[PDB]
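Before any questions on binding or motion, here is one chain by itself as structure tokens, the form deposited in one PDB entry.
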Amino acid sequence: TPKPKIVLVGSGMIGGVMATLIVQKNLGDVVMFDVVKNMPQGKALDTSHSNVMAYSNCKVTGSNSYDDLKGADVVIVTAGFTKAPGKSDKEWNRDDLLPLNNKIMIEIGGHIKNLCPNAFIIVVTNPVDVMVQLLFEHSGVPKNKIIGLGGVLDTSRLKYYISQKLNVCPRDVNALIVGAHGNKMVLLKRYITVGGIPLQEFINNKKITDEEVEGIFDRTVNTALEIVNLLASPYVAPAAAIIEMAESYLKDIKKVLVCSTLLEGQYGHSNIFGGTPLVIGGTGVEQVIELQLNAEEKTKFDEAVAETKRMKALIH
């Protein structure tokens, strides 16, 4: 009243699930944007009919024009490159990626600056902790108005695996994974709770062993690789995580969610984005919570941020 406008910049796998979930939850009008012609229009048409089943009323439209950024309340960026040429046959590089995805962020940021400078922006494009800062820089939006997906998704894996071993509801496990999305993500064993009860109590009661916990941490780290091996880059859980973040903003819920945000001295770091618990409210990032890490924990957090800094320095 008047209906929020959500622009999906990128209408691939994650984009399609997000449009579906937005309709289920009656969250706002959706523009599915892509550079690929016709594809976002077909997805939007199919998704728009699902309003009837959902008892919702969200316009869902497809676009190949950046003009549709005008009026956006929320912009979600999943746009990016992948795959490789000639290369033979398993040596697809990392890494350079990174200039190609940077050029995408330059293009998107320029239009955000021109067309929707007051939007709340969520960046998903990998490596997320690098790309979110690039978009921040190219778009000119305030620091409280842009974040990156990482912790909500990474902790959903950890929560889920622990919950299946302990035979409890998945959401009754709480856990924090910080620093960066990716292989350097910091899993904080000390902050795992189950129904509000420290994980250690379940270990002492022999409900789960130290070994099993370590195998679950390794599985959490290997999950994207596990699913890519079987199928493709994951998309259902990533979309669910993003919509949880977007909804906290649109409904001023003030959920505490771990996301990539600009660090300004926290954990000893500045001029860089990193994963940390934060509060998402109707004005955007309302609080950035700095965890009271011990020495071993801070050193893993430093390694996570050093890798973000490394990749960022490959951009010229």
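Residue positions are given as counts along the sequence shown, with the first one as 1. So that the term is clear: the rigid core is the largest set of C-alpha atoms that superpose within 1.5 Å between two forms.
Keep in mind that the form deposited in another entry is not shown, yet the notes after this line are about it.
Of the residues checked (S88, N229, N205, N167), the rigid-core alignment between the shown form and the other one shows a Cα shift of at least 2 Å for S88 alone.
Whereas the shown form places them at one spacing, the Cα atoms of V35 and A84 lie at least 3 Å closer in that other deposited form. Inter-residue distance, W92 to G12 (Cα): reduced by at least 3 Å in that other deposited form versus the depicted form.
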